[PDB]
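Chemist: how does the following fold in three dimensions:
(one chain, ligands or ions: 1)
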Amino acid sequence: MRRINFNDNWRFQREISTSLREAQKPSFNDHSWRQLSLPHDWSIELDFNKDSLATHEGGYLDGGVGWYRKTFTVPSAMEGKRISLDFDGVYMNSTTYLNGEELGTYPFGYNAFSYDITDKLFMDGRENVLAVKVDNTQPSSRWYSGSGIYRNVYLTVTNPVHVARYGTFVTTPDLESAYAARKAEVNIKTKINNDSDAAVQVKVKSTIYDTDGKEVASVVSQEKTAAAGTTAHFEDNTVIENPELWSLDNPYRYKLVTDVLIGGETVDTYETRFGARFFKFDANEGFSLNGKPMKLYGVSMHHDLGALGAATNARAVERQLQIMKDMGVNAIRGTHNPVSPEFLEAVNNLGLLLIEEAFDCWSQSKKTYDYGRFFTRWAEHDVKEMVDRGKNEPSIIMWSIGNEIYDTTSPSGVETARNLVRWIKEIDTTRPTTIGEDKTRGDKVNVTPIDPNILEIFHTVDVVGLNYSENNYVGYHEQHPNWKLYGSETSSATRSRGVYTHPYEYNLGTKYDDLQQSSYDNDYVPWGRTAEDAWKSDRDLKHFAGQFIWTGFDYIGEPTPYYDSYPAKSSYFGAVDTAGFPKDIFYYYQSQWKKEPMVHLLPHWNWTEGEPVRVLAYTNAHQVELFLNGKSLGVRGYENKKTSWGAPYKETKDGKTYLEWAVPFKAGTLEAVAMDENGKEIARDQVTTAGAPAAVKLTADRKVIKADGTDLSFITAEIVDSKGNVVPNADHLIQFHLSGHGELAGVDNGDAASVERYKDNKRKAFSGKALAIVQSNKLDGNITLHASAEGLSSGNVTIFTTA
Ligand SMILES: [Cl-]
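Modeler: Numbering: from 1, shown residues only. Provided below are the atomic coordinates:
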């Protein structure tokens, strides 16, 4: 096979009391070391440490130095092949050794890297020893990084003449024109390395298949010389008749098969999935995909997967992006680093647009051990790795050169911004460059005079991302009519799932004794906005392409506004908690961004008789009538408004994008009946007063999963009363017992202020719920999860795994 899974049969040990510098030596004694499979994050397995050098920013989880070793033989089927060791990502500052000799060192923690080991392996079934030193000396990060070989590891095995790494570039030049003529013009550039010791003549055959595997196009290149140790470049054009475009609703991808021909014989075969799509950022009209105008309904996403830490998992990342798509999201910003290949696969298959972002710093460091100290020597390598990895991916629309980069106020920053966009364009000229810039925010009210160096950087990129800068959206468009503006980072409102504090108080960067934030859209950072305010500023302007809220999902670390407030260890920014459980604001975004009628009530209905409860309805319906125990508490409605260019939206006469009642509490059932303009019912939602806690209820998101050792079932554990109603403030400890053909990969409840382990077999409910993550093994069979709590009845669920 051309690519081999190399994740199995590793050994791992943290450096704690004594130096592991000798672990580079083949003869080093690792018989005491832990045996594991990658991917692996060593930080997520550790207890929280309030004295951690990671601090609150890194979620109080230690990093430090760790070593991996693998002892292996080479199969005889690999003799005379080119062999490379491919890491998708190691966090961070790794040094790799084979048979006691350094292959190299790799500072950056979020790019793939590769070492040719063809001439370094012992063949003849002799033992080889790989040793990887991982140096995550802290503090290295403003968010939870994780530590170790947290992404997949592979061998690439080819004949001496082969398609290079990232050796194809498939494009659809002038697709808008071609498509109106019922075709896609397909430009294919192919790089062939000759790693033999003598020149060859080589041709490239390019065959395009549809998703059913039907051939749709074919082209054979002219012959070209490839001298020994050099790359030959080919460029070929073909046509797909009546092409299927890649779009959000139909994320259709073709497959290019590249055959490398020498003397008519195939010496290499290489596959490239791609999509045909075109898009535009317009200074006046905003964004459009395949000629359809739309706003970017965007979220920022960090790379951790909650209770899995950084350790990549295709199903976990697909689940996060499915939940974002359910919220009405059409676009993601990879804040603030290249994403995993599993994340790319998910956005390509789900139909989501992606901004890929290289850097959280250039040379000026944000944290002592971050990439800043490497930047001046490695930035060209790392930015080109990101672009070269992702240039064929239809989901990727833009390349961000950085986020909130201090250097952009300096002439040094101007020169760096020119270098980064030049280096990107040497790989890919088909996508706009961008940056996320916060330093024009100024006083949040008036149009900020732009720093001269920021202004020259805004002229250097194709598309200007503003962070937290609503006051400039109109002014910069008027003063710079050719700029394409969007919100690269917005809101940073803070909220805890199921917490309904200070209901009539709108507070900025305020801490409470409960270590929580309120889900009335009424807690947000001093630089930020409510969800509503950041949305209104965008909604109202056609020229503004859209926005990427901070954030879609909670992540580990950055527990703002609880800066020094252990056990506050994970974020409040997410629309959805680390466990995948939506907060109320998830339904606010649905109400603004989706067409399918919905209505969502908050808060819960467990209060004290007589107390006036602030009741909200998030809804895209014209009106809602609220009922308590079957009796009307009154109709609330929107005006059917239009933006300046006639786009319809719903807002009250007082400017609200939600509906509101004040209800004297009476136990029972509160019901929201959503109606169209005519009074016809189009959606309903209810909340019931819960009784005493009685049982643990388990629900699997997927009852059947693959017995491949990596597929997951996400099990919701709820605390319910004797009628099955979720107890909305329940915090009961749930003990999980797993039996069968699987393992408990993690537990979570999304509570930012919990220092319960993620790697454990018990978890407290938070606001009624907890999560258990069940992983398959390689033998098919049944997995049974039993969940108990003191004084309650137990819950049980069976998962089937298929081989
Ligand atoms: Cl593509």
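
Chemist: assign residue 731 to helix, strand or coil.
Modeler: State at residue 731, reduced to three classes by DSSP: H, G, I helix; E, B strand; the rest coil: coil.

Chemist: so who does it touch?
Modeler: With contact taken as Cβ atoms under 8 Å, 6 or more residues apart in numbering, residue 731 is in contact with 764-766. All C-beta atoms are positioned from the backbone trio N, CA, C, and that covers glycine.

Chemist: and with 10 Å instead?
Modeler: Residue 731 makes contact with 693, 719, 749, 751, 754, 764-768, 770 under the criterion Cβ atoms under 10 Å, 6 or more residues apart in numbering.

Chemist: try residue 242
Modeler: Residue 242 makes contact with 179, 182-184, 216 under the criterion Cβ under 10 Å, 6+ apart.

Chemist: return a PyMOL selection command for the buried portion of those.
Modeler: In PyMOL, a selection of the buried entries from the contacts of residue 242 looks like this (16 or more other Cβ atoms under 10 Å):
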select buried, resi 179+183+184+216
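
Chemist: from the contacts of residue 242, which land in strands?
Modeler: Counting by DSSP state E, the members of these that fall within strands are 183-184, 216.

Chemist: dump those to JSON lines, plus distance to the ion.
Modeler: Rendered in JSON lines, the data for these read as follows (distance: Cβ to the ion, whole Å):
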{"residue": "183", "distance to the ion": "16"}
{"residue": "184", "distance to the ion": "11"}
{"residue": "216", "distance to the ion": "15"}
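
Chemist: list just the nearest of these to residue 592.
Modeler: Of all the ones in strands among the contacts of residue 242, the one with the least separation from residue 592 (Cβ to Cβ) is residue 184, at 34.2 Å.

Chemist: what parts of the stretch 351-500 of the chain come near the ion?
Modeler: With Cβ under 5 Å from the ion as the criterion, the stretch 351-500 of the chain meets the ion at residues residue 394.

Chemist: so how far is the first residue of stretch 646-657 from its last?
Modeler: This stretch, stretch 646-657, spans 18 Å end to end (Cα to Cα, to the nearest Å).

Chemist: do stretch 723-740 as well
Modeler: End-to-end distance of stretch 723-740 (Cα to Cα): 31 Å.

Chemist: repeat for stretch 666-679
Modeler: 27 Å.

Chemist: buried set for it?
Modeler: Residues of stretch 666-679 classed as buried under the neighbour-count rule (16+ other Cβ under 10 Å) are 670-675.

Chemist: re the thing from before, and the ones in strands among the contacts of residue 242, which is closest to residue 395?
Modeler: When those are compared for distance to residue 395, the smallest value, 17.4 Å, is given by residue 184; criterion: Cβ to Cβ.

Chemist: sec struct for the closest residue to the ion within the stretch 701-803 of the chain, please.
Modeler: Across the stretch 701-803 of the chain, the shortest distance to the ion (Cβ to the ion) belongs to residue 710, at 25.9 Å. Using three-state DSSP, the structure places residue 710 in coil.

Chemist: quick check: it touching residue 318?
Modeler: No: at 11.8 Å, residue 710 does not count as touching residue 318 under the criterion of Cβ atoms under 10 Å.

Chemist: mutual contacts of the two, please.
Modeler: For the pair residue 710 and residue 318, residues contacting each of them under the criterion Cβ under 10 Å, 6+ apart are residue 342.

Chemist: for these two, indicate the residue with more neighbours.
Modeler: Neighbour count, other Cβ atoms under 10 Å: between residue 710 and residue 318, residue 710 has more, with 21 against 18.

Chemist: show me the contacts for the more buried one.
Modeler: Taking Cβ under 10 Å, 6+ apart as the definition of contact, the neighbours of residue 710 are 7, 37, 39, 152, 312-316, 342, 745, 775-778.

Chemist: can you pick the most crowded of those?
Modeler: The residue in the contacts of residue 710 with the most neighbours, by other Cβ under 10 Å, is residue 776 (28 neighbours).

Chemist: show me what contacts whichever residue of the stretch 351-500 of the chain sits closest to the ion?
Modeler: In the stretch 351-500 of the chain, the residue found nearest to the ion is residue 394; the distance is 3.5 Å by Cβ to the ion. Neighbouring residues of residue 394 by Cβ under 10 Å, 6+ apart: 170, 172, 245-247, 251-254, 273-277, 279, 347-348, 351, 353-354.

Chemist: does it count as helix, strand or coil?
Modeler: Reduced to three states with three-state DSSP, the structure at residue 394 is coil.

Chemist: the closest residue to it other than its chain neighbours: how many residues sit nearby?
Modeler: The shortest distance from residue 394 to any residue other than its chain neighbours is 3.0 Å, reached at residue 275 (Cβ to Cβ, 6 or more residues apart in numbering). Residue 275 has 23 neighbours, counted by other Cβ under 10 Å.

Chemist: pretty sure residue 275 is in contact with residue 186, am I right?
Modeler: No: checked against Cβ under 10 Å, the pair residue 275 and residue 186 is beyond contact range at 11.3 Å.

Chemist: anything in contact with each of those two?
Modeler: Overlap of the contact sets of residue 275 and residue 186 (by Cβ under 10 Å, 6+ apart) consists of 170, 172, 243, 254.

Chemist: just flag the most distant two among those.
Modeler: Longest distance between any two of the shared contacts of residue 275 and residue 186 is 12.7 Å, between 170 and 243; criterion Cβ to Cβ.

Chemist: who's more crowded, those two?
Modeler: More neighbours sit around residue 243 than around the other of residue 170 and residue 243, counting by other Cβ under 10 Å; the figures are 25 against 22.

Chemist: looking at it, that one is touching residue 274, isn't it?
Modeler: No: judged on Cβ under 10 Å, residue 243 makes no contact with residue 274 at a distance of 11.2 Å.

Chemist: any common contacting residues for those two?
Modeler: When contacts are counted by Cβ under 10 Å, 6+ apart, residue 243 and residue 274 have 172, 186, 208, 254 as shared neighbours.

Chemist: buried sites along the lengthiest helix in the chain?
Modeler: When the chain is scanned for its longest helix (criterion: DSSP state H), the result is helix 372-390. Buried residues in helix 372-390, counted by 16+ other Cβ under 10 Å: 372, 374-375, 378-379, 382-390.

Chemist: for that helix, C-alpha coordinates in CSV please.
Modeler: What follows is helix 372-390, C-alpha atoms only, in CSV (Å, rounded to 0.1, in the frame of the first residue of the first chain):
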residue,chain,number,x,y,z
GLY,A,372,7.6,33.5,18.1
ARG,A,373,11.1,32.4,18.9
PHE,A,374,11.1,30.2,15.7
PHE,A,375,9.2,32.5,13.4
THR,A,376,12.0,34.4,11.6
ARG,A,377,13.6,31.0,10.4
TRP,A,378,10.6,28.7,10.1
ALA,A,379,7.6,31.0,9.0
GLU,A,380,8.3,30.5,5.2
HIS,A,381,8.4,26.7,5.7
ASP,A,382,5.2,26.6,7.9
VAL,A,383,3.0,29.0,5.8
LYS,A,384,3.9,27.0,2.6
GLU,A,385,3.3,23.7,4.4
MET,A,386,-0.3,24.9,5.3
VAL,A,387,-1.1,26.1,1.8
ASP,A,388,0.5,23.1,0.0
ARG,A,389,-1.4,20.6,2.3
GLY,A,390,-4.8,22.3,1.7
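
Chemist: which other helices and strands contact it?
Modeler: The criterion is 3 or more Cβ pairs under 10 Å, 6 or more residues apart in numbering; DSSP states H and E, and the helices and strands that helix 372-390 contacts are strand 101-106, strand 113-116, strand 161-171, helix 341-350, strand 353-357, strand 396-403, helix 411-427.
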